[PDB]
Amino acid sequence: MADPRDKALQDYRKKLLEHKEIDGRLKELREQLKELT
Amino acid sequence: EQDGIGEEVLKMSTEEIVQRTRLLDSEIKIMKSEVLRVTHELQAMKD
Amino acid sequence: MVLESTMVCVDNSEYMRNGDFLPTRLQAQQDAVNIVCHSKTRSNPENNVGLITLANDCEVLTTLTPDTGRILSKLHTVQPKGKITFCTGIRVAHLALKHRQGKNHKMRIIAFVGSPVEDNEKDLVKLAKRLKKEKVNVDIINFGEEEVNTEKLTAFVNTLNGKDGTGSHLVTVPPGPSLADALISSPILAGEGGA
Amino acid sequence: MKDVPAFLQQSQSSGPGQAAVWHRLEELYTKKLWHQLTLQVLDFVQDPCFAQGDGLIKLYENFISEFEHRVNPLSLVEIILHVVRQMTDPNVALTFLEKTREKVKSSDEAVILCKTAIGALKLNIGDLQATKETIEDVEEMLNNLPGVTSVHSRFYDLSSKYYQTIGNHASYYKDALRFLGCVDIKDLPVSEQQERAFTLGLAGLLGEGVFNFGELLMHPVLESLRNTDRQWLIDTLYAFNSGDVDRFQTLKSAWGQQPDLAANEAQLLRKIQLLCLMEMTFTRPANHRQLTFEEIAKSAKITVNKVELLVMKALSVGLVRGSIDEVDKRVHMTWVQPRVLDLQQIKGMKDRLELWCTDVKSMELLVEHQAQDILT
Amino acid sequence: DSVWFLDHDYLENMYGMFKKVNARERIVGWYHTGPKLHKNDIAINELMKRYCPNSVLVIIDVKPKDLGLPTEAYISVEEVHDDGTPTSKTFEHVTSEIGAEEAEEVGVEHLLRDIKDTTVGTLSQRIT
């Protein structure tokens, strides 16, 4: 916007959005292992 | 890291902020490698 | 690369604390190794990759298999603050190269330096000579020495070339910010094929 | 703007010595030589902090936040451990702790130390009860891991200072034993070792449990560094082991100095008597572990009548086992406990083992000899 | 001996497979093959626990260390040792016995007619 604090947040948030997908994939694979046992 | 908290950004000056964002980007590469690792354990188990 | 088995040596040190490579030198080194390991398999599925550590009492953590996933799982977990005993890491890698499920492949070690090496230059010069005879080739990737001062690796590399299944070489990456991962550009994926 | 130059400027004024440290820190921070950054942090914190001085809050609250997911946990932890011991302030200590604990990119190593930092504070505010719990958890952590020698000694000394304060000589022995053996001085004060070493010996004499007088002498701590109080302290240990009233008695000026020796004078007399009795059973082979009352009295240098009661109390507690035949007047030891660890005592064992090697050879031949025609 | 080779994954694969041949054969731990108990063994002991349910370290030698069994059983212990020395990590031994199931017993008994520790058949048998 016009604030540097605004820019840092935006960067963190595009990254959280990306982490969320991997975390969900990690969880699926891990769920499958427990069920196989 | 300290991402997803407003309070940290206000508290830290710009020098840290440029540095921090750069570390956070490299983090995605290591999480992709982790997905690939679980798939192997599962293959061993499968036999 | 074709009909080749390679073990990657991960350098756990105390000079991997630097963020010159992001996030941490070590975490950047995990990533550098992982893309190289993948590239090798993808190019030529005849490739196998194994994992050995310098860290701790030196043992073969996982062996050579066509599966990059086997090696990857262990790599992340090994103690970041490990030992920088280079010579012991190389020797155990030679023992694993011998024992594979199918045996027809050449013997190669590709080694990472997270740091300047602790153990004398004398010792490495020797080890290199005997090792050369058994016909295990160690190809050394150099960012780690350079942090404080110029690479010792080049002398060990020179001694090594003469008898190898595939050529040894120094690939140089600036120790600062250009990332560890930049090694994909310099050839270690496929050696010189030399004599 | 920038994080580190502003904080560093406020600190530079307070300590001119730290001015050189800050210039070097500034350069390294930007470059991302984070390995150097730890070392830069390490040199400042140990004696300076500005914790008697001023400007501590601005530098530290921010530094811990800055370090929080780049520079290793060794940086974050060094600030808390050092400041807290100087300080009497819970607020400021508590803020710093919460931040230090949290995970970092390179590793998780802060935890062990964090708990240590907390312990120190509780001692300083003056909570005996609060302190003892936290101390028990760290001491255990140290026992688990072999080879972390320096952290074990440094912790043991802080814990010892708490114990001296409450008065628990019995408890004190147990925790003391550990410091003496692993012993190292890299941060430990000179004066602190002298106080804890004095209480440790005093405890040791009172002991009903103690059969490790020989260990106390063997540990470098007492022997190497002597003061005027320490000159008597090693001597009193010697007098116990020997178990003579004559050696013991000259030292008597000491009995008045501490009320602990003066008060339980009965336990002391009983202890020296019993220890001498054990040494005689031990010196003698497996032919006799029987000693007469007369012989026990001579060693003890205490009357025959009182020796007979003393030996009975030791049996009753269970330190020793055996029978008393008062027709014969012998105490026949069936059982004897683990003795004092001195060199000579290692040697006593050899005598019997060596003898046994030759009687077995001789005998083994006699067993083979009988009907050798048939073993089939 | 700080350079050696071992395949950790192999431990995991073997566990599942042994169950089909007999139900009494599952991953119990690992075997060492002498001659002593080394520092270098301690690194593998740590590792084994994760792979196995908690493991045991049994040392089976080719020649007895005494005159009886060639096996020792160990459990890792941490203990404080004092003489000027700090707390040590060591392996504390626990005593071993012999024993078998009915299948094993049948073949060994028919095959045996050796001299043994004692067979028992005479007074003279007992002296041996």
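The rules behind the values
Residues numbered from 1 in each chain as written, not as in the entry; some residues may be left out. Chains lettered and ligands numbered in written order. Part of a larger assembly, values for the part shown. Heavy atoms only, no water. UniProt positions renumbered as here; feature names shortened; annotations may be inferred. Contact = heavy atoms within 4.5 Å. Buried area = accessible area lost by both parts, 1.4 Å probe. Salt bridge = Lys/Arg side-chain N within 4 Å of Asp/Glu carboxyl O. Polar contact = N/O pair within 3.5 Å; in protein donor to acceptor, adjacent residues only side chain to side chain. Nonpolar A, V, L, I, M, F, W, Y, C, P; charged D, E, K, R; others polar. Helix = DSSP H or I, 4+ residues; strand = E, 2+ residues; numbered from the N terminus. Buried < 20%, exposed > 50% of the residue type's maximum accessible area, 1.4 Å probe, protein only. Axes fitted to C-alpha atoms, helices over the stretch in contact; angles between N-to-C directions. Parallel < 35°, antiparallel > 145°, perpendicular 65-115°, else oblique. Left-handed = near helix turned anticlockwise from the far one by under 90°. Pairing = 2+ DSSP bridges. Patch = residues over 30% accessible without salt bridge, like charges linked within 9 Å, V, L, I, M, F, W, Y side chains within 5 Å. Areas by Shrake-Rupley, 256 points an atom, 1.4 Å probe, with all protein chains shown as cover. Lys, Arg positive; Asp, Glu negative; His and termini not counted. Charge placed at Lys NZ, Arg CZ, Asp CG, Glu CD. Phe/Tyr/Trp six-rings, centres within 6.5 Å; stacked < 30°, edge-to-face > 60°. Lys NZ or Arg CZ within 6 Å of the ring centre and 35° of its normal.

Method of determination, as annotated in the archive: cryo-EM, at 12.8 Å resolution.

The name the PDB entry gives chain D is 26S proteasome non-ATPase regulatory subunit 13, with Rattus norvegicus as the organism. Under its PDB record, the entry appears with the title "Substrate processing state 26S proteasome (SPS2)". What the UniProt record of chain D gives under Subunit is the line "Component of the 19S proteasome regulatory particle complex. The 26S proteasome consists of a 20S core particle (CP) and two 19S regulatory subunits (RP). The regulatory particle is made of a lid composed of 9 subunits including PSMD13, a base containing 6 ATPases and few additional components."

*Asks:* Please explain the interface of chain C and chain D as it appears in this structure.
*Replies:* Interface size is often expressed as the accessible area that is lost when the parts come together. With 12 residues of chain C at the contact, the number on the chain D side is 12 residues. Summed over both partners, the interface of chain C with chain D buries about 1100 Å², with 49% contributed by carbon and sulfur atoms. When the area that chain C buries against chain D is broken down by residue, the three leading residues are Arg17(C), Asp20(C) and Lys81(C), summing to 45%. Between the two partners, chain C and chain D, sit one salt bridge. Across the pair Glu109(D) and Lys81(C) runs a salt bridge, and its minimum N-O distance is 3.2 Å. Between chain C and chain D we count four residue pairs in polar contact in total. Considered class by class, the residues forming the side of chain C that touches chain D number four nonpolar, four polar and four charged.

*Asks:* What should I look at first to understand unusual backbone geometry in this one?
*Replies:* Keep in mind that most residues, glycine aside, have a negative phi and that most peptide bonds are trans. At the junction of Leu22(C) and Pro23(C), the peptide bond is cis and its omega measures out at -5° in the coordinates. Take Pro23(C): it is sitting in the loop between strand 1 (4-10) and helix 1 (25-43). Of note, the amide linkage connecting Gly34(E) to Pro35(E) takes the cis form, showing an omega dihedral of -5°. Structurally, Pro35(E) can be placed in the loop between strand 1 (30-32) and helix 2 (40-51). Look at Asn56(C): it is not a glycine, yet its phi comes out positive at around 60°. A relative accessible area of 42% places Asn56(C) in the partly exposed class. Unlike most non-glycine residues, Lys135(C) shows phi in positive territory, near 85°. Residue classification places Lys135(C) among the partly exposed residues on the basis of a relative accessible area of 36%.

*Asks:* Mind showing me how you'd approach the packing of helix 4 (residues 56-67) of chain D against helix 6 (residues 90-101) of chain D here?
*Replies:* For any two helices packed against each other, the geometry is given by the interaxial angle and the distance between the axes. Residue and element names in this part refer to chain D. Their axes nearest at 9 Å, the elements helix 4 and helix 6 cross at an angle of 20°. What the angle tells us is that helix 4 and helix 6 run roughly parallel. Where helix 4 crosses over helix 6, the two elements pack in a sense that is left-handed. Only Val-92, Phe-96, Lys-99 and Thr-100 of helix 6 make contact with helix 4, whose side of the interface consists of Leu-56, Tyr-60, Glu-61, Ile-64 and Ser-65. Split by residue class, the contact of helix 4 with helix 6 holds five nonpolar, two polar and two charged.

*Asks:* Looking at this structure, I do not really get the sheet that holds strand 1 (residues 290-292) of chain D. What am I missing?
*Replies:* Picture the strands of a sheet paired through backbone hydrogen bonds; they go either parallel or antiparallel. Residues and elements named next belong to chain D. Taking strand neighbours across the sheet as the criterion, the three strands line up as 1-3-2 in an open arrangement whose pairing is antiparallel. What marks the edges here is a single partner per strand, and that holds for strand 1 and strand 2 (321-325). With strand direction ignored, the average angle separating the axes of adjacent strands in the sheet is 20°.

*Asks:* Teacher, can you tell me more about the side chain of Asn44(C) here?
*Replies:* All names here are of chain C. Note on placement: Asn-44 falls in the loop between helix 1 and strand 2 (48-53). Judged by relative accessible area, which is 19%, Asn-44 ranks as buried. When sequence neighbours within four positions are dropped, the list of residues in contact with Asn-44 reads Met-1 and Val-2.

*Asks:* How should the interface of chain A and chain B be read in this particular structure?
*Replies:* Contacts between the two partners involve 18 residues from chain A and, on the opposite side, 27 residues from chain B. Taken together, the two surfaces of chain A and chain B that pack against each other cover about 2100 Å², and 71% of this comes from carbon and sulfur. Here chain A and chain B share one salt bridge between them. Taking the shortest distance from any N to any O, the salt bridge between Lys15(A) and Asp25(B) comes out at 3.1 Å. Counting every contact that joins chain A to chain B gives four residue pairs in polar contact. Residues belonging to the side of chain A that touches chain B are distributed by class as follows: eight nonpolar, three polar and seven charged.

*Asks:* Whenever I open this one, the sheet that holds strand 3 (residues 71-79) of chain E confuses me. Can you help?
*Replies:* All names here are of chain E. The sheet built from four strands is open, its strands ordered 1-2-3-4 with mixed pairing. Among the strands making up the open sheet, the edge pair consists of strand 1 and strand 4 (88-94). Within this sheet the neighbouring strands show an average axis-to-axis angle of 40°, counted without direction. Relative to strand 4, strand 3 runs antiparallel, the two being bridged by seven bridges. Bridged to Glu-78 within strand 4 is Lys-89. Here helix 2 sits on the sheet and contacts strand 1, strand 2 (57-60), strand 3 and strand 4; the angle it forms with strand 1, its principal contact strand, is near 170°.

*Asks:* Explain a negative patch on the surface here, please?
*Replies:* Judged by side-chain charge, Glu101(E), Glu102(E), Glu104(E), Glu105(E) and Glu109(E) come together as a negatively charged surface patch. Assignment of secondary structure puts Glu101(E) in the loop between strand 4 and helix 3 (102-111).

*Asks:* Would you take a moment to explain the side chain of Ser299(D) for this structure?
*Replies:* All names here are of chain D. Within the element layout of this structure, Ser-299 appears in helix 19 (residues 293-300). Overall, the relative accessible area of 13% leaves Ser-299 in the buried class. Those residues in contact with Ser-299, other than ones at most four positions away along the chain, are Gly-243, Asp-244, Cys-276 and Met-280.

*Asks:* It is not clear to me how the environment of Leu366(D) should be interpreted in this structure. Could you clarify?
*Replies:* Counting through the fold element by element, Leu366(D) comes out in helix 21 (residues 343-369). The sequence separation of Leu366(D) and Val104(D) amounts to 262 residues, and the corresponding C-alpha distance is 73 Å.

*Asks:* Before we go on, may I ask you to explain the packing of aromatic side chains in this structure?
*Replies:* Within a pair of aromatic rings, the relevant descriptors are the distance that separates the centres and the angle that separates the planes. All names here are of chain D. According to the stated counting rule, one finds 14 aromatic pairs over all chains in the structure shown. Between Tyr-60 and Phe-96 the ring centres are 5.3 Å apart and the planes differ by 65°, which places this aromatic pair in the edge-to-face class. Residue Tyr-60 is located in helix 4, and its partner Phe-96 is located in helix 6; the two are separated by 36 residues in the primary sequence. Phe-96 carries the same exposure label as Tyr-60, and that label is buried. Plain terms: the ring middles of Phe-213 and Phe-240 are 5.6 Å apart, the flat faces sit at 35° to each other, and that makes the pair tilted. With a gap of 27 residues between them, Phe-213 in helix 12 (residues 213-218) and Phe-240 in helix 14 (residues 228-242) connect regions that are remote in the sequence. Exposure class is identical for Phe-213 and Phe-240. Each is buried. By the ring-pair criterion, three or more aromatic residues cluster together here, those being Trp-22, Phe-44, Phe-50, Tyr-60 and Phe-96. The positively charged end of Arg-70 is found above the aromatic ring belonging to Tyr-29, 4.1 Å away from the centroid. The cationic tip of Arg-352 hangs over the ring face of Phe-282; the distance from NZ or CZ to the ring centre is 4.9 Å.

*Asks:* Would you mind showing me how to read the pairing of strand 2 of chain D here?
*Replies:* Every other side chain in a regular strand lies on the same face of the sheet, so the side chains alternate between the two faces. All names here are of chain D. Bridge count between strand 2 and strand 3 (residues 330-335): five bridges; the pairing is antiparallel. The partner of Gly-322 across the bridge, within strand 3, is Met-333. Following strand 2, the chain reverses through four residues before pairing antiparallel with strand 3; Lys-329 in that reversal takes a positive phi of roughly 65°.

*Asks:* What should I look at first to understand a nonpolar patch on the surface in this one?
*Replies:* There is a patch of nonpolar side chains on the surface, built from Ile346(D), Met349(D), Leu353(D), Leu355(D) and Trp356(D) and spanning about 490 Å² of accessible area. Within the element layout of this structure, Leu353(D) appears in helix 21.

*Asks:* Would you mind showing me how to read the packing of helix 5 (residues 73-86) of chain D against helix 7 (residues 111-125) of chain D here?
*Replies:* Residue and element names in this part refer to chain D. Where helix 5 meets helix 7, the axes come as close as 9 Å, and the angle between the chain directions of the two elements is 15°. Taken together, the axis directions place helix 5 and helix 7 in an arrangement best described as roughly parallel. Remark: the crossing between helix 5 and helix 7 carries left-handed chirality. Contact with helix 5, carried on its side by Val-77, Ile-80, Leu-81, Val-84 and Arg-85, involves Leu-113, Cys-114, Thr-116, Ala-117, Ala-120, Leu-121 and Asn-124 of helix 7 and no other residues of that element.

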